[PDB]
Amino acid sequence: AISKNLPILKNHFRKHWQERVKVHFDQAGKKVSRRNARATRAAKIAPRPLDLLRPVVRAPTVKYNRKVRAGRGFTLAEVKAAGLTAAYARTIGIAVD
Amino acid sequence: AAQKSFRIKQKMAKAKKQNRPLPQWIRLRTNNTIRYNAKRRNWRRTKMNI
Amino acid sequence: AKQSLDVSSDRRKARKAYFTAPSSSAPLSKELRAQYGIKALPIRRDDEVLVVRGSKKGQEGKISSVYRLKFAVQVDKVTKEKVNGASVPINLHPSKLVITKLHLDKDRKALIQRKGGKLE
Amino acid sequence: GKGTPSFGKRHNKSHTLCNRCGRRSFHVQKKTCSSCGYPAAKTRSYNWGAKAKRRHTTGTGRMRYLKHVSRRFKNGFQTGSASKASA
Amino acid sequence: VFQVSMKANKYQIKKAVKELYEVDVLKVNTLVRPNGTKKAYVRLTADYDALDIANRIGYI
Amino acid sequence: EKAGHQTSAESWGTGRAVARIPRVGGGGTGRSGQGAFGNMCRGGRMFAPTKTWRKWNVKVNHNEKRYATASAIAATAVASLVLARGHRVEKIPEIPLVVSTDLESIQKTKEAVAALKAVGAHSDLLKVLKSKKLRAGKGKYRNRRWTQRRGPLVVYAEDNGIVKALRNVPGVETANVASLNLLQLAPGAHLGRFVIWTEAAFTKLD
Amino acid sequence: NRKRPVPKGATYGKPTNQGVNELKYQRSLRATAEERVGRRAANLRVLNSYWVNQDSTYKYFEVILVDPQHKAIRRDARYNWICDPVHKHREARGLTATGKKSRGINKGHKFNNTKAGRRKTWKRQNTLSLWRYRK
Amino acid sequence: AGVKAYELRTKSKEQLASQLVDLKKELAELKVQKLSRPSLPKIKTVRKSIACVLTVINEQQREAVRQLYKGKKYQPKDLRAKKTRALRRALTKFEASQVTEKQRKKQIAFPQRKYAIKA
RNA sequence: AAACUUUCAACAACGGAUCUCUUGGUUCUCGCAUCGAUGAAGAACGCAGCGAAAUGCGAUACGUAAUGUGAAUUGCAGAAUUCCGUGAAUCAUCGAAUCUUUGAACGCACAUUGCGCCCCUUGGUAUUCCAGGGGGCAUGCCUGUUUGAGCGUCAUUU
RNA sequence: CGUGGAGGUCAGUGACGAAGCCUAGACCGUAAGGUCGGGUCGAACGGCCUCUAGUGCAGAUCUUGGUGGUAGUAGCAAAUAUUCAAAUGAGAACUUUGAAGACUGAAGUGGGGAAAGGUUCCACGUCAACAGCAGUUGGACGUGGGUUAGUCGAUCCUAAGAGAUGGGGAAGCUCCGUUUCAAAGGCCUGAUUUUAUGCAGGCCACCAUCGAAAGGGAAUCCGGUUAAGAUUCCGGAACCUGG
RNA sequence: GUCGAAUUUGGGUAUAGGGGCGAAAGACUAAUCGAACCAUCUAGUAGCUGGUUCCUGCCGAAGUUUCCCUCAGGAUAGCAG
RNA sequence: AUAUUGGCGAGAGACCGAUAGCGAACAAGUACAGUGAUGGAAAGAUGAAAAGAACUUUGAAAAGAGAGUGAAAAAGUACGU
RNA sequence: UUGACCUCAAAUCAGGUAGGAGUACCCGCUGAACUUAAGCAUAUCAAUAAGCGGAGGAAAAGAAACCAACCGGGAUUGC
C-alpha cells in the first residue's frame, strides 16, 4: 500500500468508471459541423443580424463588480423609455427581460 | 411413430427432399467454392429431434 | 487528387464494388476516332474487333457472345483447339481490344451524338 | 442403476415443437415455450442472455416488410405511377 | 392417379375431375405422399374405361 | 471490449490432470473443453486490450511550436542543409530562391510546371516520378500503397490560382506565408527544404 | 406501505437492508391511480388527477383524461399538444403534476440531486471527460 | 414469348376472364407431357403469362372499385395509401396548422420583421 | 563382417508452419429519422427444365405490373431473332398488385392441419340436410346512433 | 542485436527474377546476430536518420494443431457349431443355391404392436468409405417406387388436474379464484303470406374452454391380389348416422 | 430375500432450489447436491503455488531494529544502485 | 445548443491480418451437444486461361509407365510457396 | 297512461384507437452481492448490474414560490 514520502492521493476511480468515458475525438469535427449550422442559419434567417442585442448590465457578487457583462433583455423601463412598446422589440430584434 | 401427426409428417417429408447429394452441375458453375453437402443427414449417426 | 466527399479511395470498397456488381468497354480504331470523334464505347455481340495486346496479337474477328461472368469477351475466330479434337474460345478483355466496325441499330445510333459525335 | 441402465427408461417427451418459433421448447405439462414463451403475449428475452437475444433479433429472418421501408422512405413515400421520359 | 392439391378434399376431387374430363366418379381414395405431395385414386364408373381417357390427355 | 469474453467458460479446478484455465462447457462441437478468457489461450482476449482513450495527440507550447518553425524557416536557406535530403539543387545560382509574383496568377498546369523547370527545379521534379515504389509494410493494402520523395515547395502571399495549378504534379506543394506548416518545412525531422519563394511572399515574411 | 415481495421475509443480503414491513415506496398513491386508469383505457391520455375522498383502507381519486383521436381535440388547437406522439403515456414516465413532484424536479438549491433528472445529473457529474488535448 | 403486357390492356373484362382458362388448360397439358421427356423449358415462359393476365385483371378491377368511391369519404382501407402507422396517425396538416383566436390576432398584428445594419 | 542403433547430407513421405495476397473484422468521424390491427419482428411449409445450401419469393411463388438502361443468361440443355425497337437481361430503379399456415393473433381451440356461428350464391327432387365458391364473427376504451333497465325521480289524464 | 508498422532519405533491390525455406559451404562480430555462394520458388522488399508498440523465448500438470517410442505389441476368448459341392465374381472360412450337423424349444433366436426412430421398407446398379477379419453381402453408397378407411383410431365425453371471463390484489412482468359480491343464454309452439323472419304468450337456466390415439365410445367380414398395401385395394356379402 | 400384496409397472397429472419430496439414509431431484442446472455481476478476492520471452559492460546485498489480531505479510531504519 | 456499440446511408486510420481481427473474410448463430434454459466451432489463395490430361500399353479396376497440355504440373483439383 | 331528467347497460350499431418488435441513447419504478474496509455488522461497491412499465429522432428540463445580499443577476440544456 502506501509507503515512503508521497502526498496522500484520493482518486475517485472505484466505481465502474470505464463504462462511462466521454472521449472528445470529434471536437474539430463538431466545430465544422457547427460552422455549417451557423452558415446555413445566416441564409434562411433573412439578411438579419443573427444574434440579438443584449443590455450592458453590472455583474453580481463581490469579486465581479469591476467588470460589466451582457444581460438577457432591456427590462420594460428602458423599453418604454426608448418609446417602442414591449412586443415591438422582439419583432425588431431586441431581447426583453 | 406409426400413429403420427401431420405436423410431424410434414417435417419428415421436408427431410426426405433435402436428403440428397449435390447434382453434378453445381461443381461446374463459375466461381464455385462448394464441393460437398455439409447438411447431409442420416438416420444412424444423427437424430432429427423433430 | 480526389476533391468531393462522395467517392471512396479505399481499396476494400473499390474492389468490392467491382466483383459484386450487376450486369449493368473497348475503345475504337484510329479511323473511327478521326471519323466519329469518340474514344470508347460499350462492347456488343456484332462488333468487328482487332487485338492489340497479348499473344494472339493482330487476329481480328467478331464477338460471338459477351460473357459478363468472366468480365471478358470471346472473339469467334480467335480460339484454341483442345487435345481431344474440340475447340474452346479464349477470354479477351475489351480494354486490350480495338473496335473497327460498329453495330448501330437505333441506340448506338444515338449514343454517338450524346458523347459529342457526328455519326455517319 | 443411476447410469447406463437408467438411460434406457427414457422414451417420453417433455418438450415439443413450439407453434410460434418451432424450436422444440414448448413444454407439454407447463404449456409454456422455454425459448420465446407461448401462449404468452410477449417474447421472453432477458438482458442476462445476450447470445440468445442475438439469435432472434431482427436480421435472422427475412424482413418481409422492413427491407422495403428504407427504400420507401428513400424517395419520400410516393404513390401513383411513373411517367415516360425518353427512349 | 393425380398429384392433387393438398388443400383439396374428396368432395372437391370428385367434382373437379368430372368437370374437366366429363366422366363421373364411383369413389375417391386419397393419401398423402411422403415427399410433400398428395395422391388420389379416382375410379370412374363402369360406363367408361381409363385406357382411352388416359391417352387422350397425353399420358400412356 | 466483448472480444474473447462472449464465450462463457468456468475453470475446471484441480484433480483432472489438466491446466486449471477456464474450460468452456457443453460438448459435441470441438470447442467444448478448450481454453478461453486468458491471453495464453486461443481466441481469448489480448493482454490489456487497447482502449480508445489513449493519449493520441500531445500538447505543445505555442511559443515552442513557433520556435521550431522559425528554426525550420532558417533551414530553408543554407545550401549544405538543403542537399542533405536529396533536393538536387546543385545547379542553382543562389539560395534562397526568389521568383516573380506572376507565378501566383498562373492557371494552367502545363505552364505552371514549365515555370518551375525554367528556374532550375527540374531535377527536383525529375527526382520525383522515379521513386514511385510500393510499400514494404502490410499497409500497402491499407490505402498507403504508394510513396514518393518530397519535391520543391512554393510559398505565396496572395492566392491567385497557383494552388490548383500545382496540386496535381507530384512532389510540388503550396503553402501561404500565414500557415508555413512545420510538417512541410522539415519532413522526417530533418532540416532543409527546397522552398520556392515569390516577390509578394518574400516581402511579407518580415 | 409497500411490503417487499421477498419470500418468507428472507432478504439474502447484508444486515443493513433486512427490513421488509417498514418501507414506504417512492411514488404517491396518486401516481398509481393514474397508472391503473391510464392503462385500462389506452386510447386516452391522462391529463391530471385530484383527491376526492378517502378511508382507512383506500384513497379515492378522479382522473381527468383527454381523447386525442377525437375530432374535437384534434381541432381546437389549444389542446393539440395532447395529440403529439411524444405525450404517449405521460403518467407512465412521470410527466404529470404528481409525476413532476414525486420525482422532485423543481428550481432551487433545495433540489440539486434531482433538478434535470436524477440519473442524467448523476451521469453528467459522475463521468470522465477526456479531450483530445490533455491540458 | 408468352403474352405481352399492354396488348391485353385494351381487352374487355369478359375476354380477359376467358383468357385464363385458355392458359389454364394448356398448363394442364404441359404437365402431362413434361413427364414424358426430361426437357420442357417452354412451361416457364407461359406460366409467366398466366400471372401477367391475372395482374392486369386486378389493376382494371381495382380501378372500377376506386372510381366508385371518388368524391366520398371512407374508402376501403387497402385503397388508402400505406405510409407508416405513425404517419397515418397524428395530426393532419390542417389540424397542426390551426391556431387559436387570440394567438392569430397577435400574429397579424405583430409579425417578425426583417432588418439589418448599414450605418 | 552383416542386421540393428545414432548423426549428417540428397531425394521422397506425414504434417502444416514461414513470406505475400484478400469481393472480412474493429475503431473514429460526418448525415438521416422510415416498424406494427391498412396487421408487423420471428416461425413452419413450398416455388426454378435439370439444386441440396446460401439468396429471392409466396401456388401471380430466384417471382407479376410500371419506369430507366439497353442486346442477353449461361454449367448444360432449351428458347431465341422479341433484337435498324413499347423488346432480352439471376440488369437497375420501384410509386401498382399477389402476399400459403402462422405469429401482439383476432370466432372458439391447438403435443388433435380440430370444432363452430352469420350473410350472399350455386348444385345436390332443399329457409329447416350436405357440399362448392365469395364475404364476416377477438378484448379494453372514446364520440355519436338505436334499443332498453331503475316508486333514483319529475310534470301530466286516469 | 532483433520484430510488426509510421515520417524522410539512398532517383536503393527486384520475374534475364524479391520474399520465404533447405544447406556437418564461406566471411564478420566475445555475443545478441549480420553478409555471401548453391538448391528450391515466384511478387514484393531492403540499408540508414528518427517515431511508435499487441516487439524476442524451452518449460506456467500453458492454448490449438500435428507426430513419436511404447508397437505391430495388449487384444479382436460369454450367449454349447460348423462341413461339402456348384454358381457368380480378377479376387469366396463369410454372397446365393443345393446337401448335411446343430440351436432358439413357442414367458422364442416366432408371430403384431404402444412410446421412440423417420424411409432404415422394396427394386436396380455398385465397393472409394462403415460393417474393429474379409467381402461381387448389407439396416452402407447413387437413383427410383411404395402408406388408398362412413365402419380401425384420432374426431367427441370426462377423470386427477390446467385455465380464460366478471371480479379482487400487485409499480409490474402477472397472482388468487373459475361459478364465487357479473342484470352472463339460446331455445319449440303460434305470426306467415311486404313478417325477410319480426312480433304477441307459454316457456327452461344450464352458467367458457382444455384435459386420458390401453378410461366411456353408432356402425363390416370373408376370399384374393403387390418388389414393397390393405379389416383401407378387387370381388362378394353387411350394418350405422344425417337427410 | 420376497412373490397376490403397507405387491411390480406403463400413461396423464401435482409438488422446484436454500425450494420440492423423504417408512430419514442428509437419502432423491434426469451420471451433479448436508444443499440443482444455465447466463450475468465476473477478468469476483487471495498475505497462497506456478510461469514471467535477447546480448554484453559496471556496481552489487538481506534474512537485522521498532510497530502492527504481526509472525508462510506489511510499514520504518539498515545494506545497494 | 446535449447523448446515441440500435436502423439506414457514407468517409477514413501509425488497427488486425485469417491459431490474429467480431463467434463467423467461406451454404456462421451453420454443423453439432443438451429433454432445457443455453453452449457453439473447423474451413481462404491450381493455374493467366481447365487448356484440368486425347491417344498407346500394363492391370479386373483403383492406378502406373509413356505421350500430351501448360513458362513451370518439383502448378494435376488429398493442387502458391 | 303519456312525455322529459339522471344513472347503468346491448349489438358482427357508425367511425376510431391500444396491445407486440427494437432498446444503442432517454423517462421513471424496483433492486442485490462479489468486492474495499490488508477481519467484519455502519460505510464503500451503489442510489450500479439483473427485473418492470414508457417514447422520440432525440428524450428530459424549460420561462423561477431561482440564485444572491452584490453598484445584484435573471427560462432550460451542454463544455
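Readers should treat all values here as calculations from the given coordinates under stated rules, not as data from a laboratory. Every residue, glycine as well, gets a Cβ built from its backbone with ideal geometry; the counts of neighbours run over all protein chains shown.
For chain G, calculate the relative contact order in percent as a whole number, restricting contacts to Cα pairs under 8 Å that are 6 or more residues apart.
Relative CO of chain G lands at 16 percent.
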*Reachable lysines from G:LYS101, criterion Cα separation under 29 angstrom, eight or more residues apart if same chain*: G:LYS3, G:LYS24, G:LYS59, G:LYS88, G:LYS110, G:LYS115, G:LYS120, G:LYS123
*Taking springs between alpha-carbon atoms closer than 10 angstrom, which of A:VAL57, A:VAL79, A:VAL21 fluctuates most in the Gaussian network model of chain A?*
A:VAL21
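Taking 45 Å as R0, compute the FRET efficiency from the Cβ-Cβ separation of C:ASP10 and H:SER39 and round it to 0.05.
So the FRET efficiency works out to roughly 0.40.
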*Can you list the HN-Hα couplings for segment F:86-94, worked out from phi with the Karplus curve (6.51, -1.76, 1.60; θ = phi - 60°), rounded to whole Hz and with x for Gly and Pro?*
x, 6, 5, 10, 4, 10, 8, x, 6
*Once the Cβ-Cβ distance between H:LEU30 and B:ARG40 is put in as r, and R0 is 45 Å, what FRET efficiency do you end up with, to the nearest 0.05?*
0.85
_Under 21 Å from C:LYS80, Cα to Cα: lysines that are on another chain or at least 8 residues apart_ = C:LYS56, C:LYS57, C:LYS62, C:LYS70, C:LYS96
*Simple spin-label model, 7 Å along Cα-to-Cβ: C:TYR67 to A:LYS10 in nm?*
8.0
*Calculate how steeply helix F:62-76 sits against the longest principal axis of the alpha-carbon atoms of chain F, using the helix alpha-carbon long axis, and give the answer as 0 to 90 degrees to the nearest 10.*
50
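Per residue of H:112-118, count partner chain C-beta atoms within 10 Å of its C-beta, then hand back the mean as an integer.
Taking the mean over all residues of the peptide, I get 5.
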_Centroid-to-centroid separation of segment G:1-38 and segment F:124-180 [C-alpha atoms, Å]_ = 71
*Provide the packing ranking of F:21-33, H:107-119, i.e. peptides ordered by the mean count of other C-beta atoms within 10 Å per residue, highest first.*
F:21-33, H:107-119
*Can you list the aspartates and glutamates whose alpha carbon sits under 19 Å from that of H:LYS102, skipping same-chain ones fewer than 8 residues off?*
G:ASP76
*Go ahead and set up a Gaussian network model of chain D, Cα springs under 10 Å, then flag whichever of D:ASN19, D:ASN75, D:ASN47 fluctuates most.*
D:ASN75
*How much of the DSSP beta bridge set in the protein assembly as shown is antiparallel, as a percent to the nearest 5?*
75
*Virtual spin-label span in nm between H:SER18 and F:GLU64, 7 Å along Cα→Cβ*: 9.8
*Based on DSSP, what percent of beta bridges with both residues in chain F are antiparallel, to the nearest 5?*
30
*Report the residue, chosen from E:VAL42, E:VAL32, E:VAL17, that carries the largest GNM mean-square fluctuation when chain E is represented by alpha-carbon nodes joined by springs under 10 Å.*
E:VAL32
*Partner chain Cβ atoms within 10 Å, averaged over the residues of G:121-134 - can you pull that number for me?*
5
*Taking the Cα centre of each part, how many Å lie between segment F:47-120 and segment C:62-120?*
51
*Mind checking the mean number of beta-carbon atoms from other chains within 10 Å of the Cβ atoms in A:74-85?*
0
_Students often get this wrong, so check it: of A:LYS31/F:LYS59; G:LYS71/H:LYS82; C:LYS2/F:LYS91, which have C-alpha atoms separated by over 27 Å?_
C:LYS2/F:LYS91
*Using Cα pairs closer than 8 Å and at least 6 residues apart in sequence, work out the relative contact order for chain H, in percent.*
27
*Likely footprinting exposure, H:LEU8, F:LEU97, C:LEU5, fewest C-beta neighbours within 10 Å first*: C:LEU5, H:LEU8, F:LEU97
*Please work out the FRET efficiency for the pair H:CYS52 and B:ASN19, using the Cβ-Cβ distance as r and a Förster radius of 51 Å; give the result to the nearest 0.05.*
0.90
*What is the set of long-range amide H partners of F:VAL177 at a cut-off below 5 Å, with H atoms built 1.01 Å from backbone N?*
F:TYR156
*asked:* With the cut-off at 21 Å, tell me which of the pairs H:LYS4/H:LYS25; B:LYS4/E:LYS7; H:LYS4/H:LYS44; B:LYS9/D:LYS13; A:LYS30/C:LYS13 have Cα atoms farther apart than that.
replied: A:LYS30/C:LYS13
*asked:* With +1 on the Cβ of every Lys and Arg and -1 on the Cβ of every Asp and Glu, and nothing else charged, how large is the dipole of chain C about its Cα centre, in debye rounded to the nearest 20?
replied: 460
*Could you work out the relative contact order of chain D, using alpha carbon pairs under 8 angstrom and six or more residues apart, expressed as a whole percent?*
11
*Tally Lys and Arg at +1 and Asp and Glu at -1 over the other residues with C-beta under 14 Å from the C-beta of F:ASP102: what net charge comes out?*
-4
*asked:* Based only on Cα atoms, what mean projected area does the convex hull of segment F:97-158 have, in nm²?
replied: 5.7
